[PDB]
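> Residue numbers 1 to 10, 14 to 128, in the deposited numbering, belong to the letters of the sequence shown in order.
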Amino acid sequence: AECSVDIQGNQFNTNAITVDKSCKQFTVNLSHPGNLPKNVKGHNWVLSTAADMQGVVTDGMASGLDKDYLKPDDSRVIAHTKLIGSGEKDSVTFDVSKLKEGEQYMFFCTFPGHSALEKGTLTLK
Ligand SMILES: [Cu+2]
Ligand SMILES: [Cu+2]
Ligand SMILES: [Cu+2]
């Protein structure tokens, strides 16, 4: 099965990612659609459990641009890309051993305000 997915904003281009349970690693390739720099309007892709999302997003906003809008040493973050701006791309590869069938995961952007629209479910199946 395939073990990668391409994601970009148009809102993400998908609101549901499925990871095949035979994948040992999974890769997300994020690209930035727009013409603004990352300090003005950046994007990232961040994965956590559904329950942990709000905490990751809220603490991330508080931590600010210098920290890529993530709280340092946030153990709730399962995987993430860096924050990117216009013309940039970033990929993250993570171990599928971090995911479990039946559990609910969310992916989202933690740039301030983006997670209302830039979010989706991730499922291991
Ligand atoms: Cu395969
Ligand atoms: Cu395979
Ligand atoms: Cu964003």
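For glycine and all other residues, C-beta sits at the position ideal for the given N, C-alpha and C.
In whole angstroms, give me the CA-to-CA distance for residue 69 and residue 45.
Going by the C-alpha atoms only, they are around 12 Å apart.
> If I measure Cβ to Cβ from residue 101 and keep anything under 6 Å in the same chain, skipping five residues before and after, which residues do I get?
Within the same chain, residue 101 has close Cβ partners 81.
> What's the gap between the Cα of residue 119 and the Cα of residue 54?
Straight-line Cα distance between these residues: approximately 15 Å.
> Residues in its own chain within less than 6 Å of residue 62 by CB, not counting five upstream and five downstream?
So the qualifying residues of the chain are 74.
> Going by DSSP, what residue range makes up the alpha helix (DSSP H) through residue 58?
Unbroken alpha helix (DSSP H) run through residue 58: 56-66.
> So residue 59 and residue 113 are in contact, right, with Cβ under 8 Å, and what is the actual spacing, rounded?
Yes, residue 59 and residue 113 are in contact; Cβ-Cβ is about 7 Å, under 8 Å.
> Using alpha carbons as the reference points, say which of 91, 32 and 20 lies closest to residue 110.
Measuring from the Cα of residue 110, the nearest candidate turns out to be 20.
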